[PDB]
Amino acid sequence: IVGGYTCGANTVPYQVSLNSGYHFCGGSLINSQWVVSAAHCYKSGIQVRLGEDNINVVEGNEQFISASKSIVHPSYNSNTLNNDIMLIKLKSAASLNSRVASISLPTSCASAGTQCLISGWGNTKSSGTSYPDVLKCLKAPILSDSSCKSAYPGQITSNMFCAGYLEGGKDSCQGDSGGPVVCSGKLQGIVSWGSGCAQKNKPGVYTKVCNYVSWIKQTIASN
Ligand SMILES: CS(=O)(=O)c1ccccc1-c1ccc(NC(=O)c2cc(C(F)(F)F)nn2-c2cccc(CN)c2)c(F)c1
Ligand SMILES: [Ca+2]
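Residues numbered from 1 in each chain as written, not as in the entry; some residues may be left out. Chains lettered and ligands numbered in written order. Heavy atoms only, no water.

The name recorded for the protein chain in the PDB entry is Cationic trypsin, from Bos taurus. This entry carries the title "Trypsin in complex with the inhibitor 1-[3-(aminomethyl)phenyl]-N-[3-fluoro-2'-(methylsulfonyl)biphenyl-4-yl]-3-(trifluoromethyl)-1H-pyrazole-5-carboxamide (DPC423)". Quoted verbatim from the Sequence similarities heading of the UniProt record, the comment on the protein chain is "Belongs to the peptidase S1 family." (UniProt positions renumbered as here; feature names shortened; annotations may be inferred.)

As structure tokens, this is what we get:
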């Protein structure tokens, strides 16, 4: 997160950290056994870390659970980043509490202007790289599709939306990928991609979760 603020220990209870000897992506807990992340975050040997704040120090509320299965959307295209969503099943259910909770799936899509909370342990610099120890937050609005497509001619599909600031300075960045975009208590997006970070006229692009609600539910029901 570039130009954001320190969330505060466990203030984003649904935020998870995907770990493989180091933090490489974020994710969202949608129920006791399932996490939603980005398809391009996929890899083997994934350990899901819940109830995290400072990802480098054991503080007391962490729950480390191995992924028993990772389901990348069958129509995910790595060349266009279309359908950039993945479901991860935990080996055992997580113990839900005040510091570890699930986030609700949307029942309808969000509209332009809607204010959302984006979080992650991603890079905090627009120029160069420097990762934080604690979880970072950023409040950002969903932009109109016109502005989104004007910024990224020919690269925006109906399964993506832009959110952020055209003036630059505040944006999600590498390391935030797979993380949540919550609006009015609903997970509306997944950190996917963007041209650099916090760059002018280059807002972040996010996976439009509302288009995948049926797919998600039918998939977890079958696994
Ligand atoms: C495969 S294509 O290029 O032909 C391509 C083809 C078609 C559609 C989309 C892409 C595409 C473009 C840029 C990127 N690059 C990034 O998305 C990125 C870079 C960095 C850093 F290197 F740090 F500059 N961070 N970063 C990023 C990560 C998460 C969120 C956000 C948001 N602000 C940005 C990417 F992956 C995919
Ligand atoms: Ca920790």
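> Tell me about the sheet that holds strand 12 (residues 186–193), and name the residues and values.
Taken in spatial order, the seven strands line up as 1-9-8-11-12-13-10 in an open sheet, and their pairing is antiparallel. Edge positions in the open sheet fall to strand 1 (5–6) and strand 10 (160–163), since each of these has one partner strand only. For strand 10 and strand 13 (residues 204–208), the ladder comprises four bridges, and the chain directions are antiparallel. The residue bridging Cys162 from the neighbouring strand is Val205, located in strand 13. (Pairing = 2+ DSSP bridges. Helix = DSSP H or I, 4+ residues; strand = E, 2+ residues; numbered from the N terminus.)

> Describe the coordination of the calcium ion (ligand 2), listing the residues and the values that go with them.
Within the protein, the atoms that donate to the calcium ion (ligand 2) are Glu52 (OE), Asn54 (O), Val57 (O) and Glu62 (OE), at distances of 2.5 to 2.7 Å. Donor residues for the calcium ion (ligand 2), ordered by position in the chain, follow E-x1-N-x2-V-x4-E. Judged by its relative accessible area of 44%, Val57 is partly exposed. (Donors = N, O, S within 2.8 Å, 3.2 Å for Na, K, Ca; no water. Buried < 20%, exposed > 50% of the residue type's maximum accessible area, 1.4 Å probe, protein only.)

> Can you explain the state of the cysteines? Please cite residues and give values.
Evaluation of the coordinates by the stated rule reveals three disulfides. Between the sulfur of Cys116 and that of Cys183 lies a disulfide, 2.5 Å long from S to S. Looking along the S-S bond of the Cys116-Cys183 disulfide, the torsion reads about 95°, which is the right-handed sense. Taken together, the positions of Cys116 in strand 8 (residues 115–120) and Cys183 in strand 11 (residues 180–183) put the pair 67 residues apart, joining distant regions of the chain. (Disulfide = S-S within 2.5 Å.)

> Residue-level account of the UniProt feature "domain: Peptidase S1" in the protein chain, with values.
When the UniProt feature table is mapped onto this chain, "domain: Peptidase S1" is found at residues 1–221. In this annotation, residues 1–221 is assigned 7% helix and 33% strand; the end-to-end C-alpha distance for the span is 33 Å.

> Outline the site of ligand 1, supporting the account with residue identities and numerical values.
Near ligand 1 there are 16 residues, and of these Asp171, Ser172, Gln174, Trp193 and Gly194 occur at the shortest range. In this structure, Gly196 approaches ligand 1 through a main-chain N or O atom, which is 3.5 Å from a nitrogen atom. Look at ligand 1: alone it shows 750 Å² of surface, and the protein chains cover 64% of it. Here the shell around ligand 1 gets three residues from one element, more than from any other, and that element is strand 12. Considered class by class, the residues forming the shell around ligand 1 number five nonpolar, 10 polar and one charged. Two domains each put at least three residues into the shell around ligand 1: domain 1 (1–12 + 103–210) and domain 2 (13–102 + 211–222). (Near = heavy atom within 4 Å. Polar contact = N/O pair within 3.5 Å; in protein donor to acceptor, adjacent residues only side chain to side chain. Areas by Shrake-Rupley, 256 points an atom, 1.4 Å probe, with all protein chains shown as cover. Nonpolar A, V, L, I, M, F, W, Y, C, P; charged D, E, K, R; others polar. Domains from an automatic or database assignment.)

> Any details on the UniProt feature "active site" in the protein chain? Residues and values, ideally.
The feature "active site", as given by UniProt, occupies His40, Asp84 and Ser177 in the numbering adopted here. A stretch of 138 residues holds the annotated residues, and the largest C-alpha distance among them is 10.2 Å, short enough that they meet in one place. Along the polypeptide, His40 turns up in the loop between strand 4 (34–37) and strand 5 (47–50). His40 sits in the partly exposed class, given a relative accessible area of 30%. Dropping the residues within four chain positions of it, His40 is found in contact with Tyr76, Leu81, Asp84, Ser177, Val191 and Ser192. Within the secondary structure, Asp84 is located in the loop between strand 6 (63–72) and strand 7 (86–90). Not counting residues within four places of it along the chain, the set of residues in contact with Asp84 comprises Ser37, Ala38, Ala39, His40, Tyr76, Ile190, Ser192 and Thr207. A distance of 2.7 Å separates a polar atom in the side chain of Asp84 from a polar atom in the side chain of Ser192. (Contact = heavy atoms within 4.5 Å.)

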